[PDB]
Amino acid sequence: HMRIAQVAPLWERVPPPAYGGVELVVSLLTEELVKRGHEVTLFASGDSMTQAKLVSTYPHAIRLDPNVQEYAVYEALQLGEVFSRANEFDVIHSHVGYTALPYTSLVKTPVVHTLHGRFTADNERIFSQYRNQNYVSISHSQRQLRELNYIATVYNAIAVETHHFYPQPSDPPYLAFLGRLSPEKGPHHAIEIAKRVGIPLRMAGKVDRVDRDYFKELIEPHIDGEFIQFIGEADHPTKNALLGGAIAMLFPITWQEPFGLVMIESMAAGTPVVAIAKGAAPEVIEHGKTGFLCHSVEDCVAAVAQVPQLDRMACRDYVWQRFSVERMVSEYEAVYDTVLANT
């Protein structure tokens, strides 16, 4: 009973066939909002698949499109189209970060910003200047700047029904890594953990330009092909098989993780998570039940021996209980309600 604009990043399709976190959350939120009878306009790439109105400034995902060199050009096209049409919307829900803040002061339609990223020494200064806007965080640990006007915390979610549940892991045990090959995700940690426990590690993910040196130096020399396997970038079925077959997923971050969608994807498949307790991991993992919070590699190494005891079905039930689209979209509805009323 509202007109809602969803402004997504253009790096990935909505929803992404493989890598993509925000575009996934935007897809789930958008589709469910439309089902609830709202007039939704999706601002996303041209190959996106939505039942809402799709306005696109480029036909394809930009990350893997070979003809595009300047992503910022089409980002600016998107924001120009959105805020030029402000009075065609009751609320604008932006997922593109700080690039939308100077536009918000120039239009009358209220804008809601879901923060999907880490606060940095630089972006804090632009967020500071626009602190009295309606931000929504995806985890409590993310709120490192309290002077911002957080309307609410709305945890992310996945479509649990679409993830196949695995009752028992693969007959010869192996560990899984799923994520972009970045130091922030610590795949080098994951490689050390598997070698010291003696259990193989299967890796999947992208290696975009910023991590090529890191992959060339720390990761690639260790990809054995037998004990350390790497299947670059995985679509939904491939990733669902990878975590499901594993006894546990290594999530050894070295970085203030905003949320970590792979964790709830692992648990949804029934595979618990051995993670280091940084950022949102303590809020996502229930220690000793759906996984194990660790503070060191050895803590993670020791925890892998206590992984078989966990109830794998409890992991899936846990994801259903707190990380469902039903709850997320309802919480996002509460946000729109508040923003339109407390203006």
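Quick note: we count residues from 1 along the sequence shown, nothing fancier.
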Discussion item. So, looking at the entry's B-factor column for Cα atoms, which has the higher mean, 84 to 92 or 238 to 246?
Written reply: 84 to 92
Worksheet item: According to the deposited model, is the average Cα temperature factor higher in 199 to 207 or in 103 to 111?
Response: 103 to 111
Worksheet entry | Residue selected from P183, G260, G97, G179 by maximal Cα B factor | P183
Worksheet item: Say you rank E233, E161, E217, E265 by Cα B-factor from the PDB entry; which sits at the top?
Response: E217
Discussion item. Please say which third, lowest, middle or highest, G279 falls into when its CA temperature factor is compared across its chain.
Written reply: middle
Practice prompt. Report the third (lowest, middle or highest) to which the CA temperature factor of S27 belongs, ranking only the modelled residues of the same chain.
Written response: lowest
Worksheet item: Taking the entry's C-alpha B-factors for this chain, is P252 in the lowest, middle or highest third?
Response: lowest
Worksheet item: If you rank every modelled residue in this chain by C-alpha B factor, which third holds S137: lowest, middle or highest?
Response: middle
Response to the item:
Of the three thirds of the chain ranked by Cα temperature factor, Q168 occupies the highest
